[PDB]
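# Survey of secondary and tertiary structure
Letter by letter, the chains look like this.
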Amino acid sequence: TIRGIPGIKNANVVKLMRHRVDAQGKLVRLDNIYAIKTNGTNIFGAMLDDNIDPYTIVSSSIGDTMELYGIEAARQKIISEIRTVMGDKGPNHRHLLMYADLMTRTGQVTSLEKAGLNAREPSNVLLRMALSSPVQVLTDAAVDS
Amino acid sequence: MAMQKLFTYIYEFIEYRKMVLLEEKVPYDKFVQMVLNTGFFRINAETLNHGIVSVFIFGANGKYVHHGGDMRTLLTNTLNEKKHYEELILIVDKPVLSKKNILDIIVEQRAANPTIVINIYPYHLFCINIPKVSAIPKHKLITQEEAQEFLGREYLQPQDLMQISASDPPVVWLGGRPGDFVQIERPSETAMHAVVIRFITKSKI
Amino acid sequence: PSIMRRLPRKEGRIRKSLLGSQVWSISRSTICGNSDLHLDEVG
Amino acid sequence: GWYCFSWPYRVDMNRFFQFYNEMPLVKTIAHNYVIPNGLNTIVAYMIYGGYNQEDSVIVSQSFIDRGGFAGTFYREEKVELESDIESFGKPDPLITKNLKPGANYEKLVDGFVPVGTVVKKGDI
Amino acid sequence: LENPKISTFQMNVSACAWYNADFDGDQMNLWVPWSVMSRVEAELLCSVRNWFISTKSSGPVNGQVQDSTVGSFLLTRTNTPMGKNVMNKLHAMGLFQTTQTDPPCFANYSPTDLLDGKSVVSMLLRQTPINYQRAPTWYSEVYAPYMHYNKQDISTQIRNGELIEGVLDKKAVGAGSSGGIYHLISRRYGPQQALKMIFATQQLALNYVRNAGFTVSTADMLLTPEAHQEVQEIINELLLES
Amino acid sequence: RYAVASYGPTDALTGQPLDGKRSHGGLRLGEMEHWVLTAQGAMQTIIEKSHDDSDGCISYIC
Amino acid sequence: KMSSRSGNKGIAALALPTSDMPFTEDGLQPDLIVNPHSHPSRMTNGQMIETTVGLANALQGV
Amino acid sequence: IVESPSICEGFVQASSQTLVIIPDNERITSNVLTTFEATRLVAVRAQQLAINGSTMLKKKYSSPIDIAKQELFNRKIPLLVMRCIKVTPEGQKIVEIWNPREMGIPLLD
Amino acid sequence: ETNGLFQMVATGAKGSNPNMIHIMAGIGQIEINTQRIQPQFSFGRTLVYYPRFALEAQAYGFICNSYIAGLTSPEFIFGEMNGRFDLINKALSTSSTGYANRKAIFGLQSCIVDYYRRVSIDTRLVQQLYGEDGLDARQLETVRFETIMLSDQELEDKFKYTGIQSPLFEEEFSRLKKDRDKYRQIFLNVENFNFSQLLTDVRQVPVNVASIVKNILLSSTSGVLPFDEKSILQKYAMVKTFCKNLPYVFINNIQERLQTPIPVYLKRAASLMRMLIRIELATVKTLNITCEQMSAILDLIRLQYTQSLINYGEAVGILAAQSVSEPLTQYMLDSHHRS
Amino acid sequence: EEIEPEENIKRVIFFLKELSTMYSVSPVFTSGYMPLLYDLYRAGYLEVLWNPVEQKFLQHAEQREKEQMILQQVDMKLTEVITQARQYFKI
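In this document, residue positions are counted from 1 along each chain in sequence order, independent of how the entry numbers them, and residues without coordinates are left out. Here chains are named by letter from A upward and ligands by number from 1 upward, in the order in which they appear as written. For clarity, the chains displayed are a part of a larger assembly, and the values are limited to that part. Side-chain metrics rest on all non-hydrogen atoms present in the structure, leaving aside hydrogens and water.

This entry lists cryo-EM as its structure determination method and reports a resolution of 3.68 Å.

Below you can see the structure in the form of structure tokens.
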């Protein structure tokens, strides 16, 4: 590595808007705030940089946020990422919690595929049979009693 | 710049657990010199119940992480000392976590000492004051009696609640053990905040 | 032909006979516009 | 449209022969090689009662009665026999078994319904 | 439908939003419950009034689509190319002869008295008085420099059902318009009451067009020769910069 | 267009109606329609259609 | 289902007698009444130009 | 030595349960019928009226659905709503018994 | 005032501004996957009509003509290149969405709201409370919070009552002020761990408390009430008690009478409703309301609050999967507008 | 274990008691006042709580019951006439 941090290939400069409480308790929108939006994700790489606020690093990766912050921060990351895909003509917020709360109820980010269903609901064979491959599930259920 | 972050946030982690340091602090240059020469740096703290917690910080290119025998003899020599041990925190580089042999010595030492909590953690878990991270909600260990009252009111079992690993970074910083309950106060965009209770499970290593 | 071949795919036992169903007392036709009908009414 | 110039000689399934076709007032080069299919309907681009909303149209009933987009639609029935077992003929109630409920066997003439009669639902 | 020549499932165009349907050739199933248990639950649970408010986006699903959105604009428009947008008593009554609601009282009107579209709309919204004040879709600062907007058409205000000013369009009466007229009626009077007002306001919009007219032509799409020179002069600037 | 009956031709194996208008059978209430009816809570409707009108029977289990 | 040559298909919805259809001052009345809202989103300009050209062809007899 | 299976294990029939009714003052569920519960009550009453027809409704209607709705609205419906709270491993089945004659009906008419 | 095409677009009935521009002014640059027409015709030529390494913008999909003026052969080919993507993505918007929709439902369908308004899988909690508020998506109202954007000086100008010099109203403003701080602190933190999720003083709450006060004031024949010290003090006690017993909406009226302890997670559920009630039923906003009218407001608030609660046994897992997998059709439809 | 409601709810329950013989409403005595609230909401008239104008709604309910009875009797007479005529034509 020469002059950079691993994992990011492009780093742009963007203008973003934030709120801040003034000395008179007024909440004002600050528009002249510059940040860095990178291509590629490395939370720990930007964690070690002295020019970046480590407390307010916003990744787009659920696995990387899960690895370094935990399952509760990964829960908030799933909600944020689905909302970005959903656009603005999207569902109510309570439908995004249902995805994140289901996917993160075991302490690990499970998936919405056959492997994820086998972890959340190992003993529900009939539901597991219907999803992907009844023959494979039925054979395993018989031997496991 | 991992080692510099460790040198401050390991002491922040010790302070956050409400533990009193035993050995006086040293400068950062002396710290890295000891890590280079010996291969590891050792910090001692004592809990309110006088339990001793020893934290080992291992260099990336140290001999203790490449040769399993070195780690075996180090753990054996540390575990037979006249002190009131309760936990050994083994901070190593992240690739060391993927080495099967090192984990084999770790689990063998766990088996040989059923009353001592042996944990191995990567660098990135001690490079920030984890509770102060904005994205991380507020975790708080709750006593057994409060959890029993909550489960009795809700007609619930500990196996029915959501479960969180003991290696989870905020749980590690709290000091939660498997079988304990952690109450999490978290932000919400529907009720402006929410409170959940999770049942701590066994660590992933 | 085998017994276990009847299960897996969309035209299989589970997804065509159990999760889905052929029913009686049902009708299908092309839909049409009618501005004299209420929103909760169907011609 | 005129789906085939030899339609009366053919016994085809699900074929529609529209009687009237017109060359477009604004034709193209594609009509030098194929017969145009359609009519130059007078079209009004207007809101009229809300019955043409959501990609619907309002059609003059008089245009329908005069033959606009009107034609004949054909279906075929191809039935085969088993050699020396089955035969074509009108069954009789007192010998033949499990006749279809609510059927109409009286329209058969030597096993087939004569050409030109109207067959409705339930007729054999 | 007693007509033996009708073979289609006819429904109101404003009901297509539930099914994401249109009339380009779509086919829809229909089964009539016969069991008492299933017939009870159809009336109480599965009635379409229960999904006027979307369970997905928490907003209204139904409204005016493509003829009562532009029809309501013309009805509530302040000025007509033929003067003020008024109508006599005879044509004011003719707007209420299809809504299938109880007719209003026109006894306090001479045959030569003139009624504007705001008054006609008001007589229908008195049944479910609401409070609404937003800017209609008609007003847009993109069109503002090149248009002379009427100051009584860019501010739609309704208090206690009286349309004080402004026009009614996609923002107020359009389908899926959160905070719209029919969203407020549902919150205050019930989703079934909002569906009846969608149909009722649909008829005034359509009955207004019965003699006001609306059409699109080829000349509606044709730039003037002077404006065509301005369009390509703009494009030539883009190709000059390129 | 199609509308059949309260009864008619039946599949030999599953006991369900036949497929489509061509066989004079019933129409399909597929997988996605049981999802919607379950979401709406229409459970007595599912009994009427998927059991009473399709193949519902009585099973005896010791 | 009917369609124009610009791909704007449609379904016959209402059948009005010859005295209920709209008529011009010169007696011309439509055979089909299509919504003006079918155009702006699909931009089938060839259908509108065809009507403009075809309207003059009929009177000119060409 | 874990030996051959015996008769103590291998039972298929689950053991019977004892219905434990929560006392009225210790109930946690709402005192308002849900739309699901109200719909189920009306449907059950309508079907039973289609079977029996014996009702104490003072007014007269020509449909079981209307009679069931008015019975629910007039608080004269002979039904109860049992809300199963929990099935305990020792055998108890803790439930909640609610009377629809003293709960709020969510329906409209 | 007479253009049919413009009135269809300006009023939102049908169409948009790029539609008129394409019809009348010009199509412009054809842009597939946020880039121009790449050269697939023999190493640097986009089509046979343009030379290799062409520099003009027309060779890379820039359509200079409008629909009303007609396109040339190269412009029609580039238009067909973008037009074919719409047909391809429309076909994918069915199959690809169906693959994701079925997998989402089979994972989520087991989630059912139990008698505690929790979301569980047959024993196992997925949510301590459905949506963390226990409400239905069909029973939500969009309501603004006044105190959020106000500075501390104008918070005291508008919500501090100076008519009666009692310590009770000092606590009323303090409770109003620290609810303002709590809302700011939480939702500024939410802004921190998101890309562009800004703070808003507008929430989706089950009861529009301001409308209820406005409705009753209109229907009441009483005008400007005279100053009464006890009535003002009584109303404040009624509002304070109502907010204290507000979490009992989630349990029943039996425990409210018995005043049994409320679980912590239910106290947090009614936090937004407690905050809005104290804003809209502040002493400054209820000066012209009698003590008997105040009872009607409190009775009406908890009537609508209970009506918005989620039903027992509702398959909310299917509801969430249907609500999330449906916008994927439009997301897939716009596949050629993304990198 | 309720004992006694409040004067506002006392007059509201008096209104419901008088309306019971007039509309599909039966008054209960729950502590939480909630079934009463649903009954008033369903009746389409929640204005008793603050506005003492209950008499006009009582008259409204009496009227509506009157037209309901009139329409019911008219329908019964019409259907018996239809039945007798169909019997005549069948014979």
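From this point, things continue past the structure.
### Description of the pattern of salt bridges
Our working rule: By convention in these notes, a salt bridge is any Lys or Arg side-chain nitrogen within 4 Å of a carboxyl oxygen on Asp or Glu. Only protein chains enter the calculation, and the probe is 1.4 Å; a residue is then buried if its accessible area is under 20% of its type maximum, exposed if over 50%, and partly exposed in between.
Within this structure, the stated rule accounts for 43 salt bridges over all chains. With its nearest N and O atoms 3.6 Å apart, the salt bridge here joins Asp31 of chain A to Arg29 of chain A. The class of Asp31 of chain A is partly exposed, set by a relative accessible area of 36%. Its relative accessible area of 43% is what places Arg29 of chain A among the partly exposed residues. Between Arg180 of chain I and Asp181 of chain I there is a salt bridge, with its nearest N and O atoms 3.5 Å apart. Where salt bridges share partners, they join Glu72, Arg75 and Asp101 of chain A, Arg186 and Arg198 of chain B together with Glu132 of chain I into one cluster.

### Here's the deal with the sheet that holds strand β3 (residues 56-60) of chain D
The following threshold applies: At least two DSSP bridges between two strands are required for those strands to pair. A run of H or I in DSSP becomes a helix once it reaches four residues, and a run of E becomes a strand once it reaches two; helices and strands are each numbered from the N terminus.
Spatially, the five strands line up as an open sheet ordered β2(D)-β3(G)-β3(D)-β2(G)-β1(G), and their pairing is mixed. Each edge of the open sheet carries a strand with a single partner, namely β2 (43-45) of chain D together with β1 (2-3) of chain G. The pairing of β1 of chain G with strand β2 (residues 9-16) of chain G spans two bridges and is classified as antiparallel. Following the sheet pairing, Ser3 of chain G is matched in β2 of chain G by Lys9 of chain G.

### Let's talk about the packing of aromatic side chains
Selection rule: Centres within 6.5 Å are what make two rings of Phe, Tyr or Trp a pair, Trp counting through its six-membered ring; a difference in plane orientation under 30 degrees is then read as stacked, over 60 as edge-to-face, and the rest as tilted. Two thresholds decide whether a charge sits over a ring: the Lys NZ or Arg CZ must be within 6 Å of the ring centre and within 35 degrees of the ring normal.
A complete count under the given rule lists 43 aromatic pairs over all chains for this structure. The structure contains a cluster of three or more aromatic residues connected by ring pairs, namely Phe73, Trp138, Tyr139, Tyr143 and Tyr149 of chain E together with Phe6 of chain I. The cationic tip of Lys25 of chain B hangs over the ring face of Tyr11 of chain B; the distance from NZ or CZ to the ring centre is 4.7 Å. Above the face of the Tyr23 of chain J ring, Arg64 of chain J is positioned so that its terminal group lies 4.3 Å from the ring centre.

### Observations concerning the pairing of strand β5 (residues 124-127) of chain I
Strand direction decides the pairing type here: strand β4 (residues 119-121) of chain I and β5 of chain I, joined by three bridges, are antiparallel. In the strand pairing of β5 of chain I, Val119 of chain I is matched with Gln127 of chain I.

### Brief notes about helix α10 (residues 271-280) of chain I
Among the ten residues of α10 of chain I, ten are classified as buried, and the element is accordingly described as predominantly covered. Within α10 of chain I, the full set of buried residues consists of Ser271, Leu272, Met273, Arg274, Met275, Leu276, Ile277, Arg278, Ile279 and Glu280 of chain I.

### Here we look at the packing of helix α3 (residues 73-108) of chain I against helix α12 (residues 316-325) of chain I
Residue and element names in this part refer to chain I. Spelled out, the test is: Angular values range over 0 to 180 degrees, each being the angle between N-to-C directions of two axes fitted as lines to C-alpha atoms, with helices fitted over their stretch in contact. Under this scheme an angle from 65 to 115 degrees is roughly perpendicular, one under 35 degrees roughly parallel, and one over 145 degrees roughly antiparallel; angles in between are oblique. Each helix crossing is assigned a hand: it is left-handed if the near helix lies turned anticlockwise from the far helix by less than a right angle, otherwise right-handed if that turn is clockwise. Whether two residues touch is decided by their heavy atoms; if any such pair falls within 4.5 Å, the residues are in contact.
As a packed pair, α3 and α12 sit with axes 8 Å apart at the nearest point and diverge in direction by 160°. One finds that α3 runs roughly antiparallel with respect to α12. Crossing angle aside, the handedness with which α3 passes α12 is right-handed. Each of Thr97, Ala100, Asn101, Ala104, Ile105 and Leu108 in α3 lies in contact with α12, whose residues at this interface are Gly317, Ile318, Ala321 and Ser325.

### Some words on the packing of helix α4 (residues 152-159) of chain I against helix α5 (residues 167-192) of chain I
Residues and elements named next belong to chain I. Threshold: Side-chain classes follow a simple rule in which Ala, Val, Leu, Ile, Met, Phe, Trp, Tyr, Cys and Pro form the nonpolar group, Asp, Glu, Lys and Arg form the charged group, and the remainder, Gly included, forms the polar group.
Interhelical geometry of α4 versus α5 gives an angle of 140° and a closest axis separation of 11 Å. Classed by the angle they form, the pair α4 and α5 counts as oblique. Handedness of the crossing formed by α4 with α5: right-handed. On the side of α4, the interface is formed by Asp152, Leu155, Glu156 and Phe159, while α5 contributes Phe173, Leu176, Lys177 and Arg180. Here the residues of the contact of α4 with α5 sort into four nonpolar, no polar and four charged.

### Structural notes on unusual backbone geometry
For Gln66 of chain E, which is not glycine, the phi dihedral falls at a positive 70°. Among the structural elements, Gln66 of chain E can be located in the loop between α2 (36-44) and α3 (68-76). Given the relative accessible area of 9%, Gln66 of chain E is considered buried. If you check the backbone angles, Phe43 of chain I has positive phi at about 60° while not being a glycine. For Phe43 of chain I, the position within the fold is in the loop between β1 (28-29) and β2 (62-63).

### Digging into the arrangement of the chains
In this assembly, 23 pairs of chains are in contact, and the pair with the greatest number of contacts comprises chains A and I. The two units chain B and chain D are non-contacting; their minimal C-alpha-C-alpha distance is 37 Å. One finds no contact between chain B and chain E; the C-alpha atoms of the two approach each other to within 13 Å at their closest.

### Digging into the side chain of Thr39 of chain H
Rules: In protein, a polar contact requires one atom able to donate a hydrogen and another able to accept it; more generally it is a pair of N or O atoms within 3.5 Å, and residues adjacent in sequence count only if both atoms are side-chain atoms.
Tracing the backbone shows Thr39 of chain H in helix α1 (residues 35-51). You can call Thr39 of chain H buried: its relative accessible area is 1%. A distance of 2.8 Å separates a polar side-chain atom of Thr39 of chain H from the backbone oxygen of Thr35 of chain H. Discounting residues that sit within four places of it in the chain, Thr39 of chain H has contacts with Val40, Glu41, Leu44 and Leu45 of chain E.

### Section: the layout of surface pockets
All names here are of chain D. Quick reminder of the rule: Put plainly, a pocket is an open set of points on a 1 Å grid over the protein atoms alone with protein on both sides within 12 Å along at least five of seven lines, a cavity is a set where a 1.4 Å probe fits but cannot get out, and a lining residue has an atom within 4 Å of a point. Grid points are joined across faces, edges and corners, and a volume is the space filled by probe spheres set on the points.
Of the voids in this model, the second largest pocket is the one considered here, and its volume is about 2300 Å³. Forming the boundary of the second largest pocket are 36 residues, of which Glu77, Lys120, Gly122, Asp123 and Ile124 lie nearest the centre. Class assignment for the residues of the lining of the second largest pocket results in 18 nonpolar, nine polar and nine charged.

### Observations concerning helix α2 (residues 45-60) of chain G
Heads up, the rule is: To estimate the expected span of a helix, subtract one from its residue number and multiply by 1.5 Å.
Taking 1.5 Å per residue as the helical rise, α2 of chain G with its 16 residues ought to reach 22 Å, and the 23 Å between its terminal C-alpha atoms agrees with that figure. When we look at burial in α2 of chain G, the residues that qualify are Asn45, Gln47, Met48, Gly54 and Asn57 of chain G.

### Here we look at the nonpolar core
What counts, and what does not: Side-chain atoms within 4.5 Å are what join buried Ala, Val, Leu, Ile, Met, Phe, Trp, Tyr and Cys residues into a set we call a nonpolar core.
The biggest cluster of nonpolar side chains holds 143 residues, and the ones touching the most others in it are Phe126 of chain B together with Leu281 of chain I. For this core, the leading source of residues is helix α11 (residues 291-307) of chain I, giving eight residues. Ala92, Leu125 and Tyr149 of chain E together with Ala13 of chain I belong to the second largest nonpolar core, which has 69 residues in total.

### Brief notes about the interface of chain A and chain I
Definition in use: Here the quantity called buried area is the total loss of accessible area, with a 1.4 Å probe, experienced by two parts when brought into contact, counted for both.
With 44 residues of chain A in contact, the opposing surface of chain I contributes 52 residues. Together, the buried faces of chain A and chain I total about 4100 Å²; carbon and sulfur atoms form 58% of this surface. Contact with chain I buries area across many residues of chain A, yet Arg94, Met98 and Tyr99 of chain A alone supply 18% of it, more than any other trio. The residue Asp133 of chain I makes a salt bridge to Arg94 of chain A at a minimum N-O spacing of 2.5 Å. Here chain A and chain I share 16 residue pairs in polar contact between them. Every element with two or more residues in the side of chain A that touches chain I is listed here: β1 (10-21), β2 (27-39), α3 (71-86), α4 (93-103), α5 (114-120) and α6 (125-131) of chain A. Of the residues belonging to the side of chain A that touches chain I, the class tally is 18 nonpolar, twelve polar and 14 charged.

### A look at the interface of chain A and chain C
Taken together, the contact pairs five residues of chain A with five residues of chain C. Between chain A and chain C, roughly 440 Å² of surface is buried when both sides are summed, and carbon and sulfur atoms account for 89% of that area. Of all residues in chain A, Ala130, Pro134 and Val135 of chain A bury the most surface against chain C, accounting for 75% of the area lost on that side. Inspection of the chain A/chain C interface yields zero salt bridges. Across the contact surface, chain A and chain C share zero residue pairs in polar contact. When residues of the side of chain A that touches chain C are traced back to their parent elements, those giving at least two are α6 and α7 (134-144) of chain A. Considering every element that reaches the side of chain A that touches chain C, the biggest residue donor is α7 of chain A, with three residues.

### Topic: the sheet that holds β5 of chain I
Residues and elements named next belong to chain I. Here we have three strands laid out as an open sheet, ordered β3-β4-β5, and antiparallel in their pairing. Looking at the sheet topology across the chains shown, the edges are occupied by β3 (112-113) and β5. Two elements, β3 and β4, share two bridges in a ladder whose sense is antiparallel. Bridge pairing in β4 places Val113 opposite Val119.

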